[PDB]
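Two forms of the same protein chain are encoded below as structure tokens; each is given separately, as structure 1 and structure 2.
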Structure 1
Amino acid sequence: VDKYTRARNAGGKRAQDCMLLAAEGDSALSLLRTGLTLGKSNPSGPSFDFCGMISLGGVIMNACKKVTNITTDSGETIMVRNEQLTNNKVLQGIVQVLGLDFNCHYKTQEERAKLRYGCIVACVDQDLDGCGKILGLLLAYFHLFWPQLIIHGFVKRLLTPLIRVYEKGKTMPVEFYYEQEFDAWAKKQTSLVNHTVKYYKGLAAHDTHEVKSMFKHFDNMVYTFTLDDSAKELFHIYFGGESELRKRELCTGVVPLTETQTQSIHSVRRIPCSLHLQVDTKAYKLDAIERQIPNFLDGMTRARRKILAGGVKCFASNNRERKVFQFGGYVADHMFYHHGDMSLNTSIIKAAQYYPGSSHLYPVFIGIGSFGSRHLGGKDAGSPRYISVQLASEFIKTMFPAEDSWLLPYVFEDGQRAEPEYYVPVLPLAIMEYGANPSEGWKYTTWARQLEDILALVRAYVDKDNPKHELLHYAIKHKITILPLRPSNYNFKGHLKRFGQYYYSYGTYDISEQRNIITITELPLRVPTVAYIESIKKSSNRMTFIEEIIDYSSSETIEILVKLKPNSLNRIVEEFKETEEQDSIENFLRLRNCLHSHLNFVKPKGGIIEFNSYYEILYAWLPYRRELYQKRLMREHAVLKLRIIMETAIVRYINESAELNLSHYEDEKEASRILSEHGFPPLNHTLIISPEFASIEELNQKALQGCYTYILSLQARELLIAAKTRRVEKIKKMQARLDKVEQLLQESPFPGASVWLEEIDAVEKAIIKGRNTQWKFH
């Protein structure tokens, strides 16, 4: 087996005293290599002897769904391992390394004495992923196959400190493990002074002195897993065929460990499996839900919104083209993406992809290069080393307003600003965008709607001139949903049909019996048209019904001809029995594609919310835009009144400076006192000019006090009469804007109605422009 170092005196007379170290990644492998090669000054410290090495290679499969538990009626319960589980390299490799056998149950001392290694230790990163997932699946598999090993403490793991705080003059850290504990320690402390906080989001982040200190006390910080009676049901709920069973368990939320339990764990290293599954595995599942379910407001996931934030920050200064990996590094460093690089590049490529049938109907990035056509479904995209991506500045600026991004709540990472909780847009992307995301307890499926029914719905909800406005409000208060919603017909030459409670997509075809050609210019919108012909190449008896398949379908279009026997038309017609909803030729070509919508979405707080129809999503997204417009108009009015009073103060100072003669003053304090005695209000102009996402109450309590830096910072060029006239004109313009804002807040329906109408018009104009081109605005 590869990546397995055979330790000396292992699998022999001293095998029971040996230990085995399991690594989730090569970083842990390197850390273990350094620890083993340390050697000197470590008598109790484990050298390469009795240690060995095995790497889990990242994420391994769980045998809960692989087993079948068939033919248990013979009086004994036997589990048959599926061939998909048997041939996995990692699982059989670790089985061979341990020398264990599936059939035997190690209840007595000798049975576990035959094991090659006395114990197995799992060494993973302290981030939310890995511990809880990799440990979770590993020990769940161990419990499912050999519960006695967990019962007798054969399996164990080492627990590294996630966060360390070092005090100057002292050589020992706090070595805290959970972020809740670190927050409690920070808040219980009088102040965060004389302390250095170190974050270890990965084992390889530790230094040489850190790893040597860990290996000096390697006998400590190693915890043995203990099995309880209640662990079996937790394992079945968290892992297994039962899907809805874990839904009701995830919908509640993580329960923090009690103080007495933590004290017991720290005193003696016996970690129960139930507590680990309830804390670490549940937290990992919740994190996966958050990171894979797009927020209904954004219609896009956390990684996608972080990518959008990085693109907005990078391309704001210059819209010049940037390569994929440069942008990935930029968004990783600036926006604190501590997961990886390949996943980030893949997500960027998927977001920038644009072709008929693609997941992104309105990509946020204008891509240059070979992103792949509809034929491979984006699988034939080029390498990230050379693919070029640039931001769609017009579409983003008409779809995600700058002020809206200013007032959005932000996620704080290590006390620093990061991507907002949700980019609530002028139009809900959860409706336009569509994709299939299976997320650790829920499935996310969507189908695009036409940008005519939703536009009419929003216009009626906003514009009071629409006769359906009152009717739409009645529908809002009574869930009537008078206006219809239909699947988007863009980039689809077929016809959509509705039967019962499900929509269906049909391609178009032409039949020429004189030459026996089966032309299919249109095919279902989501099939890649290449895996489709592969499926039709394995379509059972249709091999005798056809001769061969020829593909002339190029990019941007589909055209496929099917060779078939001259006597095949009648037999396929009499065999397929065309129904009232689908054609016999459609059945032969599998042109029918039933579409299902699983509207599983996360609330801005972080909880799963389900929607029966898109109308619920729209009616839940609307009030957020209402509140954001109201608060944005209020903040604009407040900052404009501060700006106008500040500009009036500056103008009065410029007028009075002819006889003020402030040059004959000693320091800044004397000038400030003189100008205060002259009646000038002190304003923090560094906050007035650039509010920088300041709420109303905090902006007011910051503008109550201030300083005369605005007066003392103006140059010797702004005192000219031309500058004074320009400032007076700006005063008049901003006063007119303030009056316009004030009268906008007084409209009957709701604040910011005409603003929303203008934003809708601008964004639909930009969308139409992008439709006319191939999303390349040049």
Structure 2
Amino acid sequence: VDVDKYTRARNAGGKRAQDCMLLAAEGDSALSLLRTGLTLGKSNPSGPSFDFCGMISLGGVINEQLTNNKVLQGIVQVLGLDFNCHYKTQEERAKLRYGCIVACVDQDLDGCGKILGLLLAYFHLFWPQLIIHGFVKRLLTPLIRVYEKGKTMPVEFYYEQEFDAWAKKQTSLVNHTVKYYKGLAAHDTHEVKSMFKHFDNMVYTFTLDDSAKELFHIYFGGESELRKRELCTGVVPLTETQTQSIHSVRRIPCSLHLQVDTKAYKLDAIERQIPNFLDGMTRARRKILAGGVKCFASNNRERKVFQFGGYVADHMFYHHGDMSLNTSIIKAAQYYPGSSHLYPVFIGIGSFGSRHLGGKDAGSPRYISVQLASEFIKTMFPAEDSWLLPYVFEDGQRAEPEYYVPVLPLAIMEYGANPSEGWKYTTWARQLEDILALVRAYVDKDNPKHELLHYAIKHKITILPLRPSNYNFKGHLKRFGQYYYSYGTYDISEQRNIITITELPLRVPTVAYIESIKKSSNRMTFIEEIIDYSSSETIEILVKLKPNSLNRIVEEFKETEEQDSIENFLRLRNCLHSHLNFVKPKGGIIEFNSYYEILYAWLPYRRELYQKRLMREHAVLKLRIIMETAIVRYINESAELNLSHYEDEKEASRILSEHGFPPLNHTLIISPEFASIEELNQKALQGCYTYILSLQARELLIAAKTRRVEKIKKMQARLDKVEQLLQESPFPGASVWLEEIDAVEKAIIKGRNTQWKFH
């Protein structure tokens, strides 16, 4: 009759059992917070205590197998729950040892949504009436606290959207400190006391409606086509009306929790394994790329992998562990035949691995240095449109972007595979020449197939070919039926009775291949020994045969038309199966039938980004021209017309306000940031004033005025060119796209002439 990590309430199971509540803590950290709150003593006389309140741990807890869960068995035992009986009446519910169960879990993705979702699913499966009658409850701790200097009482928000609405109408949010509490352990000692002072206010009840029954069957108890539609749309956050309705009665519908908290957890797991089709990288790889750009921007100096990994964790908010971070960093710099990256983000300094072990023979991160490939990165990922991309915010801090939009589709140009046994994803890189022809035809108006390609977009004609890349592959790519096959190369020495394997299939490691041949009993009866004399980045495997075994091979493998007998005796061919699964930029899962669809879907995103880049540049140039013209006009209208003897902020302001000097916002026009065109327009015009008078005396000289006037002419010439670019026949920024394609191609050619070293 014992349960681990369970503290019995004093009144539990007695006459006052219905007044007792069971706190289901997520883990040990949650238990410590509950123990502190439940034992405040005389400091919180009205707060909960160990009277009418108990604790139990939900550690682990991760259908016949469902009943074997030891953690869930303890919850049933302590609550007095009985199977085969439905708690449809109050008198039957009075037999339970506790009045209700309250789940105290973190408000993160690996919190409510997974631990709480399973608890709701477990109760719904066996005792639906308990959820209907409010037996299952949730402790809704504050998510965001805003602290202002001079005030000891913060402003607490239970949802992200609540803070966004409040911050929008809070004018300048400079004197306020914003803290995010995604886990129960994030609360300070004084914050815990405040939460338990109003403990009853943060207890929320779960309600079961008609829509929740279908949702429970989809998310839980089902791993089939039913879940596909739910995960193909993304997470829709709760609206303001829904949030206010929840707080009005402190009742949370089960459907709303599943649609938001549970779905987001499901999508997060997939996003860690499935890349986005816009750039073909997962969120973990984005932080490495975004961190790599930031780390090596000031100086492109060699850094150790573990040293660079610390930079990514410190700056890009990477908290999944250095073991996965260092491995991903190493994979981002590996360059060998059959490597995942045909165009590595980083430059590999040292032994980063080899094709023989499939990159598993990489050196230790302590001795292995890394360096950013500046030439390739600065062209494939332009820095001028990086401000335009949406950015992931981690606890209110800017992190790696939501997605990258490279000049060429990287989801097609690289080899991709997910080691995890779930949501299969395999991508075979298409050759650069085919991809360049398609993109150039789409953008260049003078291309002979420019009109034909645009016609083929709406009808999926696919006039131009897309073929697997044969770079760093001295084999054969043959298309039989609807699948491509990569064939290895072998040499036969009749006099020496030795078969030499000079090439393996496209992505077959040497060590794994030898094991597959060696473990085949039927094939090994013709082989006495296998010797691997292969060099780095080349295959040379000597297969020694029995004295009279070469002849016997041809009558046992039948000499298939598609596969040679030696190519059948030795597994020298493989099928290039593609599982084109990707995550949409807005959220969800998208399925692509062909590599053309991925390229066709990526084109609009890059097309509008060029228009967005020019439109924002046009807005910035107009603001800069106005500011510089006013500064130049100020020199011509200097102390000779209005002196600066006033030397006061208000007093200098009105004297020229009649003249007509605009109160433009400095530090924003000179240095734009991640600000949209609409956001820039309001802040620039309706901002501060102090951009004049703050200049030194030498700027008023005739020589100093000349450079400012010349600067205006330079910006005016640029402004006229931007207008011409916005009016191009195919779409705005078509010529800019073509120029950047050539720059990317030159960087790739330069990186291919060397071993992706560039120096």
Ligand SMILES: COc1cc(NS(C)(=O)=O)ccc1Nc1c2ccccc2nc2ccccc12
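Residue indices: 1-based, along structure 1. Take the two forms, superpose them, and find the largest set of C-alpha atoms that agree within 1.5 Å; that set is the rigid core.
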Structure corresponding to the form deposited with the named molecule bound: 1
Displaced position between structure 1 and structure 2, chosen from 408, 368, 204, 316 (C-alpha, 2 Å or more, rigid core): 204
Does the distance between the two CA positions of residue 108 reach 2 Å or more between structure 1 and structure 2, the core being superposed? yes
With both forms fit on the core, has residue 612 moved 2 Å or more by CA between structure 1 and structure 2? no
How about residue 225 - superposed on the rigid core, does its CA move between structure 1 and structure 2 by 2 Å or more? yes
After superposition on the rigid core, what is the displacement of the C-alpha atom of residue 271 between structure 1 and structure 2, in Å? 14.6
How much does the C-alpha of residue 705 move between structure 1 and structure 2, in Å, when the core is lined up? 2.2
Can you give the CA shift of residue 568 between structure 1 and structure 2, in Å, with the two forms fit on their core? 1.7
